[PDB]
Protein chains: 12
Amino acid sequence: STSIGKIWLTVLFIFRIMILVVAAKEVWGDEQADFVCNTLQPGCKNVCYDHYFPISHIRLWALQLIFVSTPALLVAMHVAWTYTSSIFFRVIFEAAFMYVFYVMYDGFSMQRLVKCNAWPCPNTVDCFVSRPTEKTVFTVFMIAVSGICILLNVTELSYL
Amino acid sequence: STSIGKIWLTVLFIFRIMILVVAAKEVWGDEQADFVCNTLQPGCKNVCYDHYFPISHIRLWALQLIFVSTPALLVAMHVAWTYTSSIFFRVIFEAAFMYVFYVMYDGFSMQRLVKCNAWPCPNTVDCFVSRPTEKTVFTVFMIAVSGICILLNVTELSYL
Amino acid sequence: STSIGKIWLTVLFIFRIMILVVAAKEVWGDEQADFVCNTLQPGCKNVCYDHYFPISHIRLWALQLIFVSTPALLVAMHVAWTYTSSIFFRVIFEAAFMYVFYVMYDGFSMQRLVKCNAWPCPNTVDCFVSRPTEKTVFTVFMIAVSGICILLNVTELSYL
Amino acid sequence: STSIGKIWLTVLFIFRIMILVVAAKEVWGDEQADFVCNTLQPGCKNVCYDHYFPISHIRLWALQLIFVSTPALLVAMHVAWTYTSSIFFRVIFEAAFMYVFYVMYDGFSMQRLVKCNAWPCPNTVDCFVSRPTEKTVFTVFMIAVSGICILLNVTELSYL
Amino acid sequence: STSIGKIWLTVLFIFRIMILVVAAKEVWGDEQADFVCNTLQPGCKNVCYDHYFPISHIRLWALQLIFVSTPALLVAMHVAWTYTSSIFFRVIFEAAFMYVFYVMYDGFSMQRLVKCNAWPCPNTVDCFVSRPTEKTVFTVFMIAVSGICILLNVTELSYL
Amino acid sequence: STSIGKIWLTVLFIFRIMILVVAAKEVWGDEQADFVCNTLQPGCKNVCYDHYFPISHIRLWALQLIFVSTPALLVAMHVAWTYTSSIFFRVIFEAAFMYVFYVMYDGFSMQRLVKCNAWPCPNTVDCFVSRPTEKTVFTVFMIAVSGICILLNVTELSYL
Amino acid sequence: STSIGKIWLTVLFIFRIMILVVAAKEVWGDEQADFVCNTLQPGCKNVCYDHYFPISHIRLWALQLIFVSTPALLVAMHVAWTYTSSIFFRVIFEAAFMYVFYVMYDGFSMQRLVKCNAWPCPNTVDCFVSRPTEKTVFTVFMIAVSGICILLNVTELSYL
Amino acid sequence: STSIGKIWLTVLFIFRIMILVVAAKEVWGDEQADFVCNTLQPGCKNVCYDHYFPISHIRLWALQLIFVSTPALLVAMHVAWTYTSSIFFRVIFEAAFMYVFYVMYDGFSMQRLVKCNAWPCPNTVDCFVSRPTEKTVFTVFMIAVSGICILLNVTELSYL
Amino acid sequence: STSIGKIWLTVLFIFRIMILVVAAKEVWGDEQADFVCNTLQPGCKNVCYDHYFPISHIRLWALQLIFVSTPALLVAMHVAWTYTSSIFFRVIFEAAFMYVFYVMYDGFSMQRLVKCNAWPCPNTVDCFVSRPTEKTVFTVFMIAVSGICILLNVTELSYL
Amino acid sequence: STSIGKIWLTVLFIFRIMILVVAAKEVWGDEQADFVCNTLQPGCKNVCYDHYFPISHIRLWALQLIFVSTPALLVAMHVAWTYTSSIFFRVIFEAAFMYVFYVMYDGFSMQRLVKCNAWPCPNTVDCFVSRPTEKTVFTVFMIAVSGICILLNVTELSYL
Amino acid sequence: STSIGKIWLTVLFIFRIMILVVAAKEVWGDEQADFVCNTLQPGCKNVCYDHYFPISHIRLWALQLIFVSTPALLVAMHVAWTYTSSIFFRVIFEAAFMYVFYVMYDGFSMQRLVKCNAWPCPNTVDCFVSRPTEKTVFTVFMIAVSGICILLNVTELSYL
Amino acid sequence: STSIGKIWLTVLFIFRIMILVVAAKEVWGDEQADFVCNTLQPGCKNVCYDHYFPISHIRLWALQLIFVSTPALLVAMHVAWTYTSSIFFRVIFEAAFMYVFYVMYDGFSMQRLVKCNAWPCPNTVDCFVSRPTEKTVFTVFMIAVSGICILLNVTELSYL
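Regarding how it was determined, this PDB entry cites cryo-EM in its header, along with a resolution of 4.2 Å.

Given below as structure tokens:
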């Protein structure tokens, strides 16, 4: 009396991907040319972007979809329990990509402004960003659904 | 003696999507680089765009298509009434994405001009926009069809 | 002894679409960045473009293809006369999108130059356009074929 | 003892299209932003381009492919001689699109330079062009193959 | 019982000149490079300046000082009545340079803005000016003192 | 037992002039090209400068020197009391040019920043100024010495 | 005891194409906007590019793939020896597109710099290029594989 | 008791490709226009980019995927041991593309800054780069998985 | 009964010079930086200015003042008729500098616009000028007074 | 047995003035347009210049020359001890203008660089200066000679 | 029976100087900022100007006036023949400054265009000049008068 | 039997000054705005100019004229040997200003190019200069005459 979750996991799998692809190369596609810095110093743009955007939300999402898609195809051609090792792996990767945002970004809510004091740059500067609100709104979805996929995966891994 | 509506809902489903995709990455695709502001202040462009375009019409449409597409695929693989819970959900989401425009945007008719008085910006400014007429015209379609999908969904949910 | 027209309507349907897609995002794809205005005033470009291009020929074509494609798919899944209501609808929409050009544009022949006296703009100005000849040539095709689809639809609706 | 030509016509049909699509949106895709004019006058670029490029080679090719593709699909669903009317039509359209180049362009060899004396422009000017050699080379192919398709179509229309 | 005026005329002579030279090459010295026109059209600046500043107030003042200084030096070395012919000449020249302002300029009060519709320029434009208030204030002095020099010259020419 | 003041008046006369000429065309000589306004709107610079600098301190000083120099030369060639009418005139002009600053400028201390909401300008703007501190410091001298010249002129006009 | 080569020819056919498409519109896609010339003269860029890049390596490759693909599809529908005429044609075209590089380009190794002395250009100039190393590296592959396809085609045409 | 590896090799094959294509034309797609050099010298950008980016990581990856994909399709149509020659080839190519990075790039960790002293360039300069962190992170994946594919290929080639 | 003219000649001598010096380095002082040409071609400005302004009115005036001043100082220290040789020289030089304007300039009235077709310049161009009206007005004075000095010099040379 | 100093004071008076006037409007004459600030923020230049250059060395020198010249002319026309009051005044003013530099400037040695954190400016910035070495060298002279004039004035005021 | 020449030498002395000073800082005063070079290379302007204008005509004139003025003042205070040593010196210096033009400049007639191939500059370039005609015309005067001063100095040195 | 030198010293005194003033504010007057540096780094211009032009030749000349003029006026009012102390001072100052050039500048011959590696600047750069030849030529005069004034001063100080 379970495995409603298998549905919801396929549902939210296709969800995540549709949610991704539509806004995917549509939102952050301009996330280099809209990163003003109130200076004239060359390169400080690139430096500060590197400091405060090692990676975009969308890439880390992408890999999260992969490593969470891997147990599906891994377990598909697994013969021709040995079933829940996959499922536990699927938990821990998901939880990983969750934790890494809670580290790298200041807890999801992107700032309209940041500051930057790296090398080529003279001192503190004031580098703006595009659409911080927007992307944050998308994050709320991805992270919510992530928590759902976890929680159900947890519940249905709890079957002896 | 009903379920003509099922047709019209598939019809308008494919409609919405065709209507979307054609103008989709074709109209708002330039909705960052055509957002002049009559200043020289850096970043005020991005700030004001964020203030008056949290999200574009097209994204919120996109999600509206998803959450209204979800009861279709949800109910498809629902066994292998428990039929109209889906339908009611399909109502309330639709009505939601309707209401949220009537809030966030000043009632569909986008202005050729706006003003903006946020922080980095000195005072009131005058930031223009591209093609406000055009997009508004597309909104009239999306919102009209939304109202249709609602109204029929309402009528055919009224079957005991 | 009729219904040669059904062929010609499918023929010209596929025609319109091929004619569209090839020049589609290929011709007007630059119809924002090639709209010079002999001033220095900011935004007057966008304003005047909005005044004299509410919508491009290509969008209105696109919708015309949709609402003329709708009776095909509407009538396809119409059971599982009640046949010519569709056909009459197909007439009136076509005629509509015809009339609306004869209004909005100064009778198809686009001008190399226009003038503009809207608000942000100081006075009369002189805003040029790209490739007015070209697009006009495409219009002659779309409008011609439109008239054909009408005329045949009229003739074959004249069967008691 | 004929109809080797039917092969060669399909061969060269697929040829023309492959030849087109590869260089299609790859060569003239920059044929607006590389049309320097040695002035400072606004708009004179657009004016002179309009005067000396009503339409590109690639569009007229495209339509030529259509109206030469039409007898194929026209004659396919022609029942469910009345065969060579199509073929003659296929001749005359081909010959048309040939003649129109020999008019509109100064006999295929595009000039590195042209001159222009239209209205907004003060006097004679000197507007350059991109890659005139290149496109001309492609023309030699399209026009050659056009002549082949004609010549064979002529020979095999000569069967009583 | 007269010829207090001779004093006042020398007084106001030295006055005019001091008033001139101090603001002379100090005020209108920038009266070419501060004549913005809200266009991008070349030369329209020079054209419109020529149309609405044939000559500056300061030049016409300068000549007025000369032709009013000439009777002084003319009459000085006049022997080695034949005295009031000079004086009458001194009246009429003064009155001349007065009248010519009341013609050429719109009655002293210079406008912050003007318009211009000459040849090279497309249409009406909006060309600003520097410091219209300021120069007008100086005019009030020059014109006032001019009227004084006249009025006294008139009174003391009224001696039989 | 007086007329020490005659000395001090010549002293401060030569003073004012030396003080003037040294900083004269040396300080405000750049008081047009250093009047930034944080916009892109043409002309708003000139408009706002006109609104908040009808005349510079230095011009009004200059005239004040003239009209206070006039009683010296007026009274010099006054014969070939009738002495203190001049002196009283010298008071009232001085006091005039004092009062007019206390009106036109916001009480001597020039602001680093001002605002401006005139016509061509969209809204409130933020136009900076050069060296407000500096010029203010010079004003303290001119105004101080003005008060001295008054006060002594008052005391020595108080001789029956 | 042969026709291992048929495999290798299909292998290298798919190879060439994969090798092409990946770097295809990815490498030379910027081969107009990265063609600096150390001047200010207009158009000299386009002129010199035309002189030293009539056609890119990638186009001539593309056609080489076509005319070498033609004997495959030509010989496929050749009935419903007369087999090796195709094969010899396949040799000579391949060898042609080889020879034409050895002419038009200075023997594959593209120079970081070139010079140019055409008409609009004043004299010798110094026009740089993007990524000459890179593209050359790709050429080594295409040309190598070309030589392989030849050599095997030669060997297996040597079967009586 | 082996050939679990065949799975993992298909798994990581599809992995590499998904990992590639998503970030493929998405990350280095701007790896020409974001290569600032703190000079004004023309071309020095292109020169230095050529010196320190002969080829991008992504191209060499691409070819590595090809030459490692070739034994799959080579061995597929190999009949209609002679099995492990392919496998050994698959080892050595992989190891090659590994070694070549350890040469050409300074051991994976890309520098935010580099220097450059080539010809057109005057002296040492300071040319920045975009997103060095990011791409390096992707390298860690590609190189890791490369090592895995090697190591398993090694282990399963060790079967007598 | 003559030699009123000697006065008028000194009068107009001092006149010419005062008239000169005031407007001298005040009017044509900007007669290089206000010589727009509606192109982008380098140098064409200088070329066309050279073609249509070999020398300014003011220089040729200057020399005319010299060579007409020379007989004054020549004849002053001429001993320690032999008087009218000087006077005749003074005629012919004056008449010379008159004639040379009637040649070099198109009869005094300077054009707001000219054209130019010299070498570096591509074709006919349209080079504007500053203040053509103004300078022409000054010419009317210089040329008038020149004619006066001639005419009187003629009359008083007519004394046996 | 004294009043060698009277000589040295006239000597150094003429000295100071010659030293001034030569470098006077020759050195700091560009001390507005050479005050770079490594930003793009408008006005921050003017603000920071105001903060770190209230007044230039040259102005304060100028006034110091005046108020030290005043006892000369004051004492000249002092009758038609009452001699050393002047001299003491001459001490204290000199010492004043000395002290005020030791306050306002960081002890004469001007820095090549400064920083600035005023209002319109975002944060700390880095505003350079022209020729700090040079002007400092001139200061060493002015300040040295100032100390001399003091010291001698002190010694010769020490005469009972 | 000689020493008419002494007059002519004073005459032409004052001549040269008047001729100089009027056009002096009036003609070549812009002979740095009007020295276009059709490149973008920095500094090549300065280099080429240095190569083809070591010194201007006006400086060498100036020194020529000095060293030819020196025998006047040298011989004035020469006591409190020993007269013609001066005169011969006056010859040879004059002849020197003549010869040096005939060397350094290509025989007086300045070219509208020159070329330049110095170091920082890539190759031959095309650097224009301002007003070559004009200055040449002035040279004709200076050189003519130089020849006169020589010739008379020669004749009057021929007195035993 | 001496004191010919007194003449030559006055001669060369007036010489130096004439030589100075003519080229004085005429040559180095542009010696800030013509100091290109082949970078984009802000301020590096000012830094490098400061490093390689602490002071111009003309200033140090100026002071040299002063301190060599001081013994003239010092010795003039020296009473109302004690004569040669002045003369020796006049030697040593002259020799000083000579030595200081031989230090600060690389032995008179200014380089067309220099290099610079100061702080704000990234590395070695290449900063050009204006008219190095020219100024060097003037130096040859000033330094020559300096040596003359020394040598004669030495000889005539050698009188017991």
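A. Highlighting the overall build of chain A. Broken down by element type, chain A carries 5 helices and 2 strands. The globule rule puts the C-alpha radius of gyration for 160 residues at 15 Å, and the 19 Å found for chain A is more than 25% above it. For chain A, the spread of C-alpha atoms along the three principal axes comes to 65 × 30 × 25 Å.

B. Geometry of the relation of the copies chain D and chain I. Under the fitted operation, chain D is carried onto chain I by 0.1 Å of movement along the axis and a turn of 180 degrees, and the coordinates agree to an RMSD of 0.0 Å. Put plainly, the chains are arranged around a two-fold axis. Of every C-alpha in chain D, the one belonging to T39(D) sits nearest the axis of rotation, 1.8 Å from it. Of the residues that chain D buries at the interface, 100% are likewise interface residues in chain I, meaning the two copies contact each other through the same surface.

C. Structural view of the UniProt feature "transmembrane region" in chain A. All names here are of chain A. Within this structure's numbering, the places UniProt gives as "transmembrane region" are residues 5–24, 58–78, 83–103 and 137–157. Across residues 58–78, the secondary structure splits into 90% helix and 0% strand, with the terminal C-alpha atoms separated by 30 Å. As annotated, residues 137–157 comprises 100% helix and 0% strand, and the C-alpha atoms at either end are separated by 30 Å.

D. Molecular detail of the packing of helix α3 (residues 57–76) of chain C against helix α4 (residues 84–104) of chain C. Residue and element names in this part refer to chain C. The contact between α3 and α4 brings their axes to 8 Å, and the two run at 170 degrees. Between α3 and α4, the angle is such that the two are roughly antiparallel. Contact residues: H57, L60, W61, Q64, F67, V68 and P71 in α3; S86, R90, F93, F97 and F101 in α4. Taken together, the residues of the contact of α3 with α4 break down into 8 nonpolar, 3 polar and 1 charged.

E. Fine view of the relation of the copies chain C and chain E. If you rotate chain C by 179 degrees and push it 0.0 Å along the axis, it lands on chain E with an RMSD of 0.0 Å. Looking at the interface residues of chain C, 100% of them are also at the interface in chain E, so both copies use one shared face.

F. Representation of the interface of chain C and chain E within the structure. Counting residues at the interface gives 5 residues for chain C and 5 residues for chain E. Each residue belonging to the side of chain C that touches chain E can be placed in one class, and the counts come to 1 nonpolar, 4 polar and no charged.

G. Structural context of helix α1 (residues 4–27) of chain C. Over its 24 residues, α1(C) extends 34 Å from the first C-alpha to the last, a length consistent with the 34 Å expected when each residue adds 1.5 Å. Along α1(C), the largest kink reaches about 30 degrees and is centred on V21(C).

H. Region of interest: the environment of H57(I). Residue and element names in this part refer to chain I. Looking at the secondary structure, you find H57 in helix α3 (residues 57–76). With 18 residues separating them along the chain, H57 and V75 place their C-alpha atoms 28 Å apart. Not counting residues up to four positions away in its chain, the partners in contact with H57 are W28, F101 and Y105.

I. Just the arrangement of the chains, in detail. In this assembly, 18 pairs of chains are in contact, and the pair with the greatest number of contacts comprises chains D and I. Across the gap from chain C to chain H, with no contact made, the nearest C-alpha atoms are 20 Å apart. As for chain J relative to chain G, no contact occurs, and the smallest C-alpha gap between them is 26 Å.

J. Main features of the environment of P71(G). Among the structural elements, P71(G) can be located in helix α3 (residues 57–76). Residues in contact with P71(G), not counting those within four places in the same chain, are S86(G) and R90(G).

K. Structural detail: unusual backbone geometry. Phi at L160(G) is positive, roughly 50 degrees, even though this residue is not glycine. The topology assignment puts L160(G) in the segment after α5 (132–157). The phi dihedral of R131(I) falls on the positive side, at around 35 degrees, and the residue is not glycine. Looking at the secondary structure, you find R131(I) in the loop between β2 (125–128) and α5 (132–157).

L. Broad picture of the packing of aromatic side chains. Centre to centre, the rings of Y49(F) and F53(F) are 5.2 Å apart; their planes meet at 25 degrees, and the pair counts as stacked. Pairing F53(I) with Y105(I) gives two aromatic rings, centres 6.4 Å apart and planes at 50 degrees, and the pair type is tilted.

What counts and what doesn't
- Residues numbered from 1 in each chain as written, not as in the entry; some residues may be left out.
- Chains lettered and ligands numbered in written order.
- Heavy atoms only, no water.
- Residues with missing side-chain atoms left out of burial classes, pairs and counts.
- Helix = DSSP H or I, 4+ residues; strand = E, 2+ residues; numbered from the N terminus.
- Rg over C-alpha atoms; globule rule 2.2 N^0.38 Å.
- Least-squares fit on C-alpha atoms.
- Contact = heavy atoms within 4.5 Å.
- UniProt positions renumbered as here; feature names shortened; annotations may be inferred.
- Axes fitted to C-alpha atoms, helices over the stretch in contact; angles between N-to-C directions.
- Parallel < 35°, antiparallel > 145°, perpendicular 65-115°, else oblique.
- Nonpolar A, V, L, I, M, F, W, Y, C, P; charged D, E, K, R; others polar.
- Expected span 1.5 Å × (residues − 1).
- Bend = angle between axes of the 7 residues up to and from the residue.
- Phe/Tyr/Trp six-rings, centres within 6.5 Å; stacked < 30°, edge-to-face > 60°.

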